[PDB]
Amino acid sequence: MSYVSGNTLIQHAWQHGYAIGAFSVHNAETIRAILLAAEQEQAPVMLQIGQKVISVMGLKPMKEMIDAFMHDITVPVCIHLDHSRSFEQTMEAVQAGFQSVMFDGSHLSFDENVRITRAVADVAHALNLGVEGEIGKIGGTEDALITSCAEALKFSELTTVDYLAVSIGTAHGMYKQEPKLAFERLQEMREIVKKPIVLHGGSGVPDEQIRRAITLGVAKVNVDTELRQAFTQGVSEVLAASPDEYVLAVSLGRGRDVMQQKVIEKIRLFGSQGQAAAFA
C-alpha cells in the first residue's frame, strides 16, 4: 500500500508552497472518487474519516474499506481522523493504523485542549503519524472569532502539533455570505508560528482566496460538503431524468464521476498535481 504519514505529506506541501487536499469519505463510491482523482492527478492526498461517517459506517470499517480500494493506487495516501473530540476515539484510529489524526479540543478550555492534544501528539510522534490540533472555534454557516497569533504560537509550542487548525474566516457547510479570509493573520502565523496551517471549511471558498492562503502557509485544505454536493448532483441528473433507473452503477456511478471531477478540480486548485513524484 502507498500509505504515508500525514506529517511527511503536509511538511512537503508546506515547504514547497502547495497544499494537500483532505477529502472527506462517506462510503465506497466516495472513496473511489477521491482515489481515482488522486491517481489521475498524480497527487498525494488525504482521505478524512470524520464524526458523521464514524456514526454511520464505523471507524474500523471505513479504514478497512479504504484499504480494500487501494489495490491499484500508487500515489501517496494518508488516512486522517477528522474532528475527534475524544482521546479514546483518537487512540482507536491510532490502533487501526491511521496516518494522521486531528484531536479537536477547540470546545475545551485552553489548558484542557493543550493537555489532551499534547498527549495525542506524543503518541503520533512516537509512531510517525501526523497530528492536527485546533485552537479557536470554527462553526457552521447556517473579527472576534479570529484566532490571535499569540494564542496560536502558545498552543503550537505547548502541544507540538505538526499542523494547526485556526479560525481565519471560514465555517463548515454551504456559505450564506461569501467568506473573506484573515490573510494578515495567516501571514503573521507563517512568520511567527512557523507551522503548516489547516484550512477548515474549504468548501465554497473562492478559488483566488484559497490560492492566496496557500501562499501564506495553508498546507492542508479540508473539503467535504462540496464533494457531497457534487455526488448528490450527479445522482440527481440520473434519477430526475429516469426515476426508474435502478442500476446503481449508473445513478451512483454518475455521482461518483461528478465527485471525481470536483476532486480533480480541488487537487489542481491546491497545487498538488504531479507532486506524487516528489515522494517516489
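From 1 onward, residues are counted along the sequence shown.
- Missing deposited residues between residue 178 and residue 179: none, as the chain runs unbroken there.
- In this entry, the higher average B-factor at the C-alpha atoms falls on 240 to 248, of the pair 240 to 248 and 51 to 59.
- With 122 to 130 and 102 to 110 compared on mean CA B-factor from the PDB entry, the stretch scoring higher is 102 to 110.
- Taking the deposited Cα B-factors for 215, 27, 222, 233, the highest one is held by 233.
- Residues shown: 76, 97, 196, 173. Highest C-alpha temperature factor in the entry: 173.
- In the PDB entry, a CA B factor belonging to the highest third of its chain's modelled residues is recorded for residue 208.
- Residue-level temperature factors show residue 255 in the highest third of its chain, judged at the C-alpha atom.
- When the modelled residues of the chain are ordered by C-alpha B-factor, residue 162 sits in the lowest third.
- In the deposited entry, the Cα temperature factor of residue 92 places it in the lowest third of its chain's modelled residues.
- In the deposited entry, the Cα temperature factor of residue 137 sits in the top third of values across the chain's modelled residues.
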